[PDB]
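Below, chain A is the first sequence line, B the second, and so on; all start at residue 1.
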Protein chains: 6
Amino acid sequence: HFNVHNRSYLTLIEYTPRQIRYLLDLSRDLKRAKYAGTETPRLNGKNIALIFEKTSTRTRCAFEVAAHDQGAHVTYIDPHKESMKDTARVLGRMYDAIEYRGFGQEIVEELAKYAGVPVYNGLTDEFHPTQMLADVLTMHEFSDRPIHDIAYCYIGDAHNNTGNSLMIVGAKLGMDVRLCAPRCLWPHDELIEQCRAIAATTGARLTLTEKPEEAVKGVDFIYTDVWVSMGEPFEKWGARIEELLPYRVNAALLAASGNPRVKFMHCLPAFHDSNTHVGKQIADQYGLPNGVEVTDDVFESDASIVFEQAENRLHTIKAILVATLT
Amino acid sequence: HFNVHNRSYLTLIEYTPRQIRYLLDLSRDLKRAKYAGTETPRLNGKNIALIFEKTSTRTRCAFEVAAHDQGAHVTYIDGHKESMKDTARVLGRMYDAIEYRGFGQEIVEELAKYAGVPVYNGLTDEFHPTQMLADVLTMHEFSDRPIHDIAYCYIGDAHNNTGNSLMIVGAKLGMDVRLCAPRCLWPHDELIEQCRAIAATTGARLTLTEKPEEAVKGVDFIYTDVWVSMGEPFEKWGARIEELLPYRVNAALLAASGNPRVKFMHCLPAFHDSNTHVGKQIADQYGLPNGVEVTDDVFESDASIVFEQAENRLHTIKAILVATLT
Amino acid sequence: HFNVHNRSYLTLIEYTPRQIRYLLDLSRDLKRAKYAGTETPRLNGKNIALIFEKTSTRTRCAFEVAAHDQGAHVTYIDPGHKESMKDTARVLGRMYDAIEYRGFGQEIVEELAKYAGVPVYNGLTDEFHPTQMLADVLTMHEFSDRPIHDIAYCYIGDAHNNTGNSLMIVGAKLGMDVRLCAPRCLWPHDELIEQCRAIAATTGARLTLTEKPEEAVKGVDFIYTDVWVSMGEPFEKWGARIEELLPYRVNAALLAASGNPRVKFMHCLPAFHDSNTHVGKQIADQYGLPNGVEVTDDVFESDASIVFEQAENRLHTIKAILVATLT
Amino acid sequence: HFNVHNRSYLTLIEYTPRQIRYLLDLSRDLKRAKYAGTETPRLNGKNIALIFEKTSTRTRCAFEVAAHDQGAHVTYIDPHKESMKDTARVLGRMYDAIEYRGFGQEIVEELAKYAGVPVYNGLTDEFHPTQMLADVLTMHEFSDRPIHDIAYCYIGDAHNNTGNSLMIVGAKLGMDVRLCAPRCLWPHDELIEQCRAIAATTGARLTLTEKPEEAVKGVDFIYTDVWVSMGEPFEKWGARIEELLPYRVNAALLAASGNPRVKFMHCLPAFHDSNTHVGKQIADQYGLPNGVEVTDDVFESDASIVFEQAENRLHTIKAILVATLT
Amino acid sequence: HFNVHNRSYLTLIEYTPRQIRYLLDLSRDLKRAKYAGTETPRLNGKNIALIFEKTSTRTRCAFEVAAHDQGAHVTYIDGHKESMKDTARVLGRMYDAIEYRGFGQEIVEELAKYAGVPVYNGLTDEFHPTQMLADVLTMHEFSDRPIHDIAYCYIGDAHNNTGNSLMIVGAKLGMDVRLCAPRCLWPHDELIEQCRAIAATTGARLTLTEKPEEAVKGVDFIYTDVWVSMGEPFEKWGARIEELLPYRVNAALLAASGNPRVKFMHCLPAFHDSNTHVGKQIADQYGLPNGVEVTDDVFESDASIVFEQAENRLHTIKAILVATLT
Amino acid sequence: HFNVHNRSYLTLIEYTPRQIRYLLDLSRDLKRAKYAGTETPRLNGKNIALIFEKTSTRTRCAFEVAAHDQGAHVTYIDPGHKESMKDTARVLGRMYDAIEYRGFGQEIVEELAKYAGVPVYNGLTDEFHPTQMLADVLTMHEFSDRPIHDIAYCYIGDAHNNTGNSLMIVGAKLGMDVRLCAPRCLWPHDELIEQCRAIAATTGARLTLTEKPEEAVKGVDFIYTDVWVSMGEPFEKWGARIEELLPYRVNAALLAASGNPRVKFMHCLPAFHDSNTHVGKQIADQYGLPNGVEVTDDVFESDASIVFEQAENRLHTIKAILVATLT
Ligand SMILES: [Cl-]
Ligand SMILES: [Cl-]
Ligand SMILES: [Cl-]
Ligand SMILES: [Cl-]
Ligand SMILES: [Cl-]
Ligand SMILES: [Cl-]
Ligand SMILES: [Cl-]
Ligand SMILES: [Cl-]
C-alpha cells in the first residue's frame, strides 16, 4: 500500500493518487472509531521525539491528541552543542520516530539517512501534506460527491503555500480547481505547468483567473487565507491590501457561485474581526473592521466549515502515524 | 449531585451546600481508593488542554497527578494572531476539556459558550473553589466532627482571596467562622452582607473582630496566609507589617484557643523562616527572624497540618475532573 | 540487592561491587525485554517530579523513555524564590512517588531526601551520575564478551574531569585493568588516586596512570575520551587545555598502538569530531584541528566506534535505577 | 503516611496519633471490602515466615485468615542449632517478612537490623498494638461517636498488659479512659505519669479509681479481663479473687453506668462459666459458678460485643500486613 | 438437592435417597472435571478451620487436596482455657466452615447452633457419610449397573462402623446387601430393624448370615475390614481371630460367588502382609503369613479395587464442601 | 533435557554433565524471573505430599517457597505403624502429583517410586540432595563470572562427610579444579576417589587431595568448609575430630594463602562460628575456640563470605527440580 521508503518525509508533489486515497480512507476509518468509542491503539509503547526551533499551536495540538489516542508518548526537545547528525543517531536508538519542525526538506532528508527511524518534516507544522489530506477529506464529507467531481476555488494570495498546495492536490486527484488572484500573485509558472501536466493524466480541470465572479461559479467550496503570511514584513500589508481587496470573501462572492450549498474554508488563523491584536491594528489603519480576507458574517455563517476543517487535521496526522509506525 | 450547566466554571458563592457535600464525598472516596491501591481510571483517553498566562508549581502539580491517576493526558499551550474564541472552538473539537489559568471569570464564561466542552477558570490556580474544598476536607478529617459544628479562625490579611473564600464556604456549610484582622483589611461590606444572608439559612456563625484572643477562643483550626499577596507591590510590606504584627500566629495564639487539639493551617507558600529569599529580605529589614505571618516553631509543630492540607488539593481537583468529564 | 536507605542518592564510590553487579544484571534483563517486546511495566501509575536548574537532551530523553516504558509519568517543575526547597519537597512527596533534582549538589539533595518522604535522586537525568558508569561498563561487557574483571580500558584526555574520576573509581571497584593517560597536571587528585589504589588492592584491579599514550593503550579492549573543556569551565581554559592535550588526541594511530585489532572507541558525547557545531568549528579553525579535536572524525565514524550503543545503554541503566528504587 | 523504618516492630507507646488513625481507616476499608465481596489481594505471591516457641490460637488464626485473604502464604518454623542472627539472614532472602512470637522486644529489634525484611514482634500474639486498634475500632463502630468523645472503663487486674495498653491508647487518642481496680493493682506509676503527659496534649480524660460506681458512670463501654494472666502461679488466684471480687462485671455494674446503650468488652478467653476445665476448678474451690470476672448473664447478653471485638483483630492485623508489605 | 438446615453435620441414616443421589452425581461431575483438566474453583477465598483431638493420614490428605482443588485454604487448630462454644463463635466470624474430628455427634450438634457457619462432624475422619458415598461411587463405576441392582457382601466384624454403615446405605439405596459374620458380631438389633424398615420402602434385599458361601453367592463386590478396630484393646485379637478365621477373604471366597467380574474392596488400612509392624506381630503370633482379614494374593490381584476406592474419598469430600459452602 | 525415568530420585553420581547444565540454566532463568517480578507459575493446582522422619528449617523453607512461587500446595504427613509404606504411597499417588520422602534412604524410595505412580523424591527437602550441589555450583558461577570448568575451589575440613563426597563428585563431573584438604584418615573412601579420577579423565577436571591447607588453597576462587561433626554421629566423635581438624580451620590467614584477593568463603550451614548456639558455646569453651570452630567469626561475617547467597540459591535449584519433573 503506502510502501515507499521515504514515506515519512515525502513532499506533496511526490504522493501518488493511490497513496493519497489510501491515507484518506485510513483517516475516515480512524475518525469513525474515535467518534464511536471503539478506537484501537496500535502505537502503545511508542515514543516520538519532537525537535523544533519555532513553534506552532493549532497543528502541534492536533499532533499531541493523535499520538495519545493511539497510545504513543511525545517528548519535547528544545532548541547548538551536538551536530544534528549525532543527535539523530542517539535519538534513533531510544525513540521510534523523530519529528522536525522548522528545518526544511533538505536537512530532514539528510538526517533520515542516519536516524534509523521514520523522520517527519513538519508533521506538526502548518505546511505539510496532511493539511491537504484534511482539506480534501472535509470537501468529500460535506459535498457527498466523488472527489474528482468536486469543484473548489482558492482566492487571495495564491502564491503562498496554501495556494501552491491546493493547486497540486486538486491536479493529483482530478478535481475542478480554480485559483483566483492578481496575476502578480499567481503560483510560479514552473509549478503551474507541472500541475497542468498532472491534470492531463488525471482529468483535472485547472483554472487560473483574476475574475472572482468566473472563478466561483459552480464551486462547492471557497477557500481563502491571510494575505500576508507569518514572517513577511508588516510593510507588505499596505501593498497587499491594495492588490487583494477585490479578492475578499464576502457574502456577495458566495452568492456569485450560484450554489445554495456552497461552503467556506480557511486553514486558520483568520483575520475575520478585530478581536486579535494584529487584526485590530489592520482594522484601524486600513479601515477593515469587519474582517480582512473574509467578513465576520461569512466566517460565522452556517456556510462556514473552518472548524470541521481544522478538526480533520487530527485524523490525517493520526493516519500518517499509523501508516509509518506500524 | 453536580448537574448544572455551568458546573465546570462555577464560582464559589454559586455552589449550593448539596453540591459541595457531593464533591467532598467524591474526594473522600477517590482518596480512599488511591491510598488502598484500588483506584479505577474513569478518564482513560481524555485529553485536557491547558491555556495559561501565569504559572504555579504546587497546584499545577496537583492537577497533573490527578489527571494521570484517572488516565487523562494534559497538553500545555502557550491572542496575538488567533482570537481566543477561534482557539477555543478549534480545541473544543480535539480536546475534552480546556483549563484557563489567569484570565478572569468574564472571559472564561464567554469562551464556555463556544468551546463545546467543559471549561475551567483556574482549576490549576491557587484561587479556585477546589482549594476551599480541600481545606474543608482537611478540617473534617482532623476534627472528626460534623462540618457545621466545626469552628475555625482566619487571621491576617482578611480581604485577600483566602479570607474572602473562607468566609464564603463557612457560611455555605453552616460552620463557625471567625475572621480576625484590622478593620481596614476586612472583606468588603457587600461580600460580608452576602455571607450574612447565607449564614441565616445555614445556621453558620460569622464573626469579624480585631482582637485575636477573642477570635481563636474555642476554634479547632487557626488559618493564616502571607500578608502581601503575589502581585501586589513590594512596598505594601512596610505598611502591612506594621498593621499585622499583632496578628502573627505563634504558640501563644494557639494556647489562647483553650483547645489542646487545635491545628494550624496555611494554603502556602509561607514565610515561616529565612530559607526563601523574599522571606529573608523581610526578616532582615523588619527584624522577623522567627518567621513573618507564622513562627517556624508553629509551622513545624505537630499541630501543623499544612502538608496534609496541600495534599488534599490533589483529591479535590480530581473530584471536579471526574464530576465534570463523566 | 540494592537495599540501602540512601540507595536513590548514593554516590559512585559508595556503591559496593555486589550492588553494581545487581544493577548491571537488571539493566541486561530490562534491555532484553524491550528488544524482544516482552517488557513488563512495573511502575504503572507512578508519578516522578523533575526539578532542574540546568537542562540536557541525551540524558533527559533517556529518562523520559525509561519512565514511559515502565508506565510512569514525569512532571517538570522549573524556576526557590518564594517557597523553601524543604517545603516544596514535602508538598511534592505527598503527591509524587519520586523527586529527581538536577543541578543542585549532593549535600542539598541529601538533606531534602530526609524530609521529602519519597526516593530522591541527585542528577539521575544528569551526565554525571553513577548510571553513566553502569552504562559504560555494560557496553564494555557486551562488546568484549569477557568477564568484567579481565576487561582492560584506557581513558585518555582530561583525566581530572568527572569522566576520568568516575572511570578510575568504577574500574577499581570491579577489579578491571584501568589506565588513565593524561598530562600529570590533569591527573585525578592524589587523594582520590590513593583511595582507588586501596580499592584496587581488595578487588585485584590493575590501576595505571601515565603520560604516555603508547603505553596506556597497549593491550586495551577500549579507548575512552571526552571533551577537553567543559562549557561550564571558563572559556579562557580552552586555550591552555588544548596546548596541553594535543598529544592525547585519539586517532587511528593510537588505536593501532593498542595492538588489538578488536579495540573499540568510546566517548560519552557530545564530541568535537568535526565542524558541524558552532563551537567545534571555532576550536577547529583557531587551533588548526580540521579533522577533529579530541578524536578524529575518521575514528568516530569507523566501525570501531561504539559511542551510539554506549549512549543507548544509559536508557537501560536509568531504567534499572527506577525499578530498583520504586518497587 | 505510616512511613517509619521500625513500623513493623513498633511498640504501642511509639505510635503517633496520625499513624493510629491511618491504620484504623485502613482497617475500616479492608473490612468493608471483605464484607462486600470486593477484596483486592495486594500480597499475592508473598511468603511470611512464622517463628515461635509458645503458641496461640485465637490470634494466630486471625493472622492466617488475614494473610490468605490478601494472597500471602504462611510457613511455620518450629522451635537450637543455628544462631537467630544467622537464621534471620537466611530467611530474609527467601521470605518477605518474619513474625516472631514469644521472644520479646529486645531480641526482635536486634534481628530486624539483619533480616533485611519487615520483622514483627508478636503480630500473632495476644499482646500487640493491633489488639488495641481492634478494640478502638469496635468502640467507634458501636458508639457512632468521634473517638475522642468515647468513654470506657477497664475494671479488674489493671496492671496486666490489657490495663496498661488501654490506658496508653486512650491517652494517645484523647478519649475518656477510666481504670478501676485495687490500688495495689494499678499500672506502674511511671507509666501513669507518662500517659498523664500524653493526655495533656490530646485532651484525654484519664481517671484511676477504686470505686466501680464512679468509674462506670457515663461510660459507653465496660472492659474486663481474667484476674490471673497465663503463666502466673495458680496460688495467686486465691489472693487475687479476694482483691478483685468487688470488681466483677455483673448486671448491676452495667446499670450503674446510667447508659442504656452500654456495651461489654473482653479480650478473651474469659471465665464466664464452668464449661472450661480451669474455670470449673475455680468455680468449685472459690464458689464462683456463674463466672469469675464477668457473669454468664452479662457475657451472653445483647450488651456483649466480645465476638465482634475478636473479629476486628483480623482486620487490624490485615491492615498491618498491607501497610508494611506494600 | 442438598438444602436442609443440618446438611453439614447430617448423619448417614438421616440422608434421604434423593440427597445421596445428588451428592453422587456431584462427585461424578467433579471427578470428571479434575480428570479432564476443566475443574472450576467454586471455593476461592474460603477458609476452613480444622479442630481435632485425633489425626489420620488417608482421609486428612483427601480433605486437603479436595479443598485446594476448589481454591479453599485449611487452617489446623490445636477446651482447657476457652469454652468450645466460645471458640466456635470466634472462629465463626473469621472462617467459612469448621471441621471437628473426634468429638462425637452431640457436641458438634450443639456447637452448630452457635458457630454461625457450616460445621462438620469428622469430614476428615474415616467414619463419615462421605466414606459410604465413595464406596457406592466405586461400586457404580465398576459394575456399570443401576445402583439398586448392585449386590455386595461385607464379611468380617460386622458390628464395627464399616458394617453398620454398609447396611444403612445399601438399604437407603435399594441395593442387595449381605452382612456375613458370627452372630455375636452382628449389628445391634435396633439398627437392623431400622434398616429393615428402610429396605421395605426402597426394595433393598438385606441378609444377615453366618455362612460365607451363602453370603457371596452372586455378589459384584466382596468387602472386608480389620477384625479389631483402632482404639479397641489389643487383647481382642486373640478372641476375634478365633471367631473370624472362617471369614477370611481369599481366592476361594471370591470364586464361591460364581461371578468372574467380582471385585474386592477394603476401606484401609489393611493387614494383608507383614510389612506393617502390627500386622507382622499378628502374623507371627497366630500363624497368618498370608495376611489376616484378606490374603496378599487377593489384595494385589486385578480384582482388587481398594485404591480406586481410596481415591474416590477425595471426590466425595469435595462434593460435600461444594454442596455446603456454595 | 532431564528426561530419564528415575529423574526425580536420581543420585548425584548418576547425573550427566548435560543434565546438570540444563538444571543450572533452569535455576538461573527462574531466579531471574523472581527478581524481575515476571515469574510464571507452571505448577498451579499441583499438590505435593511430604512424608518425613526428620525435620529441618533452611531446606524445608526453601522447598515451601519454591512450591508456592510456582502455584503448588504442600501437605505434611507425619508419624509406618498400621499401613505399609507401599500401600500409603499408592493411596497418595492417586490424589497427589508428587511425593517427597525425607529420611528414608535411597533403596526404600526407589522401590516406592515403582508403585506410587507419580514422581518421588529422595530428600529434596534434605541437606544432602543433588540440588545442594547445584546451588553451590550456581553460586560459584555467579561470583567468579568465569566458565565452570575453569573454576577452582578447595573444600577443607572433614572431607569424608556428605559435603566432601558430593563436592568431589560434582567438580569431577563438570571439569572443575577440585581440591579436598583434610587429614588422610578423613579423605573420601578410596573407591569413590578412583571413581572421580575416572570421571575427571573424561572431563578434564583437576582433582587434588592433600593434607596441606597452604597448598590446597593456592589459586582457588572459593574455600568451602562444613561442621566437623554431625549431630547424628555419636557425641564421642566430637572430641577426637576436633583434635584432628584444628589445623584445618578456615581463618583470615588461609584466605590470604590463596594469593587471590577475590577469594570467597562458602559454608552449607549451620556454622559454629561463635557462641550464640548452646552447642557452639560448649565446643568453644571446652576446646578453647572463642573465635569460631571451623571458621572464624571474622571470616564468616567478612565481605568475602557468600554463605547467605549460597543458602538462597537452594530455593532456586529445588524450584528447578520441581518444574523439570512435574511439567
Ligand atoms: Cl498511481
Ligand atoms: Cl443545597
Ligand atoms: Cl560487595
Ligand atoms: Cl590526525
Ligand atoms: Cl501526631
Ligand atoms: Cl428421597
Ligand atoms: Cl553429557
Ligand atoms: Cl584464628
Side-chain angles (χ1 to χ4, degrees), chain C residues 1-20 22-27 59 100-114 119-141 148-149 151-155 157-180 182 186-209 224 226 230 266 268 313-314 317-318 320-321 324-325, chain F residues 261-262 302-304:
Chain C
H1 51 67
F2 197 45
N3 303 338
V4 301
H5 77 279
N6 60 341
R7 63 184 183 183
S8 64
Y9 54 97
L10 213 58
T11 283
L12 178 64
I13 197 144
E14 291 180 324
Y15 281 75
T16 70
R18 270 177 226 210
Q19 300 172 328
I20 292 159
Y22 168 79
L23 295 178
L24 285 170
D25 292 348
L26 185 46
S27 296
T59 52
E100 199 276 331
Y101 288 95
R102 171 171 222 170
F104 291 101
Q106 187 72 44
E107 67 297 315
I108 294 188
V109 176
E110 262 159 30
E111 199 52 27
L112 298 174
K114 162 24 181 162
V120 171
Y121 313 103
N122 176 31
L124 184 61
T125 62
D126 207 333
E127 295 103 336
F128 159 45
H129 188 265
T131 54
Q132 185 56 56
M133 287 294 105
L134 288 183
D136 294 338
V137 167
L138 179 57
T139 307
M140 281 182 220
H141 192 200
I148 289 178
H149 59 276
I151 291 174
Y153 62 90
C154 162
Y155 172 92
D158 178 8
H160 95 295
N161 65 14
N162 277 330
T163 304
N165 290 331
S166 298
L167 285 169
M168 182 174 64
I169 291 166
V170 74
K173 280 202 172 284
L174 297 180
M176 316 177 73
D177 181 356
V178 203
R179 309 96 182 273
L180 304 199
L186 297 180
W187 289 9
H189 199 198
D190 294 348
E191 176 173 1
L192 185 65
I193 292 171
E194 190 47 43
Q195 257 181 275
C196 293
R197 285 262 165 68
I199 297 175
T202 75
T203 69
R206 287 76 74 215
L207 171 59
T208 306
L209 287 98
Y224 194 141
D226 198 12
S230 178
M266 269 157 88
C268 50
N313 279 336
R314 182 65 188 275
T317 55
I318 290 173
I321 287 303
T325 66
Chain F
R262 305 179 60 82
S302 75
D303 279 305

message: Assess whether a salt bridge exists between C/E127 and C/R102, defined as any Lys/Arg side-chain N lying under 4.0 Å from an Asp/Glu carboxylate O.
response: yes
message: Side chains of C/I321 and C/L124, heavy atoms from C-beta outward: is any pair under 4.5 Å?
response: yes
- line: Shortest non-hydrogen pair, C/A182 vs C/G157, comes out as CB-O, 2.9 Å
field: Student check: side-chain heavy atoms of C/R179 and C/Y153 closer than 4.5 Å
entry: no
statement: Value for CE (C/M140) from CG (C/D136), rounded to nearest 0.5 Å, stands at 6.0 Å
- prompt: When rounded to the nearest 0.5 angstrom, what is the spacing between CG in C/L23 and CG in C/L138?
  reply: 11.5 Å
- prompt: Is any side-chain heavy atom of C/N122 closer than 4.5 Å to a side-chain heavy atom of C/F128?
  reply: no
field: C/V4 side chain near C/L10 side chain, heavy-atom distance below 4.5 Å
entry: yes
query: Taking the side chain as C-beta and beyond, is there a heavy-atom pair between C/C268 and C/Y224 under 4.5 Å?
result: yes
message: Checking C/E110 against C/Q106 for the side chain to side chain donor-acceptor pair (under 3.5 Å) test, could you report, in this order, the C-alpha distance in whole Å, the side-chain angles of both residues, the deciding distance, and whether it holds?
response: CA-CA 6 Å; C/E110 262 159 30; C/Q106 187 72 44; 3.0 Å; yes
Min side-chain heavy-atom separation C/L24-C/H141 under 4.5 Å: no
message: Show, in sequence, the C-alpha distance, side-chain angles and deciding distance for C/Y15 and C/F2, and conclude whether the ring-ring contact (aromatic ring centres under 6.0 Å, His included) test is met.
response: CA-CA 9 Å; C/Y15 281 75; C/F2 197 45; 5.3 Å; yes
- prompt: Do C/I199 and C/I13 have side chains that get closer than 4.5 Å, going by heavy atoms?
  reply: yes
- request: Please answer whether the main-chain N or O of C/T125 pairs with a side-chain N or O of C/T59 as donor and acceptor at a distance below 3.5 Å.
  value: yes
- request: Could you tell me which non-hydrogen atom of C/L26 sits nearest to which non-hydrogen atom of C/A324, and how far apart they are?
  value: CD2-CB, 4.1 Å
- prompt: Does any non-hydrogen side-chain atom of C/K173 lie less than 4.5 Å from one of C/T203?
  reply: no
message: Ignoring hydrogens, what is the shortest heavy-atom contact between C/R7 and C/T325? Give both atom names and the distance.
response: NH2-O, 3.4 Å
- prompt: Are any side-chain N or O atoms of C/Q132 and backbone N or O atoms of C/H129, one a donor and one an acceptor, separated by less than 3.5 Å?
  reply: no
message: Check this for me: C/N6, atom CG, are more than 12 non-hydrogen atoms of other residues, nucleotides or ligands nearer than 6.0 Å?
response: yes
query: Roughly how far, to the nearest 0.5 Å, is CD1 of C/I108 from CD of C/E111?
result: 10.0 Å
task: Look up atom CE in C/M168 and atom CE in C/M133, then write down how far apart they are to the nearest 0.5 Å.
output: 11.5 Å
task: Please report the C-alpha distance between C/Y101 and C/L112 in whole Å, then the side-chain angles of each, then the deciding distance to 0.1 Å, and finally whether the side chain to side chain contact (heavy atoms under 4.5 Å, CB included) criterion is met.
output: CA-CA 10 Å; C/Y101 288 95; C/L112 298 174; 3.6 Å; yes
- prompt: Can you tell me if CD on C/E107 sees more than 12 non-hydrogen neighbours from other groups inside 6.0 Å?
  reply: yes
statement: Rounded to the nearest 0.5 Å, the CD1 atom of C/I318 sits from the CG atom of C/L134 at a distance of 10.5 Å
- prompt: Are C/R314 and C/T131 close enough, and set up right, to give a side chain to side chain donor-acceptor pair (under 3.5 Å), and what steps lead you there?
  reply: CA-CA 7 Å; C/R314 182 65 188 275; C/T131 54; 2.9 Å; yes
task: Look only at the side chain of C/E100 and the backbone of C/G123, and say whether a donor-acceptor pair between them is shorter than 3.5 Å.
output: yes
- prompt: So, for C/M176 and C/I148, which heavy atoms are closest and what is the spacing to 0.1 Å?
  reply: CG-O, 3.5 Å
- request: Please step through side chain to side chain contact (heavy atoms under 4.5 Å, CB included) for the pair C/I169 and C/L192, ending with a clear verdict.
  value: CA-CA 8 Å; C/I169 291 166; C/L192 185 65; 4.0 Å; yes
task: Would you name the heavy atoms of C/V178 and C/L167 that are closest together and state the gap between them?
output: CG1-O, 3.9 Å
query: Can you check side chain to side chain donor-acceptor pair (under 3.5 Å) on C/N161 and C/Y155, steps first, answer last?
result: CA-CA 11 Å; C/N161 65 14; C/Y155 172 92; 3.2 Å; yes
Distance-minimising heavy-atom pair for C/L209 and C/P188: CD2-CD, 3.7 Å
- line: In this structure, CG of C/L207 is separated from CG of C/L180 (nearest 0.5 Å) by 6.5 Å
- request: Indicate yes or no for a side-chain donor-acceptor contact from C/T163 to the backbone of C/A159 under 3.5 Å, with no hydrogens or angles considered.
  value: no
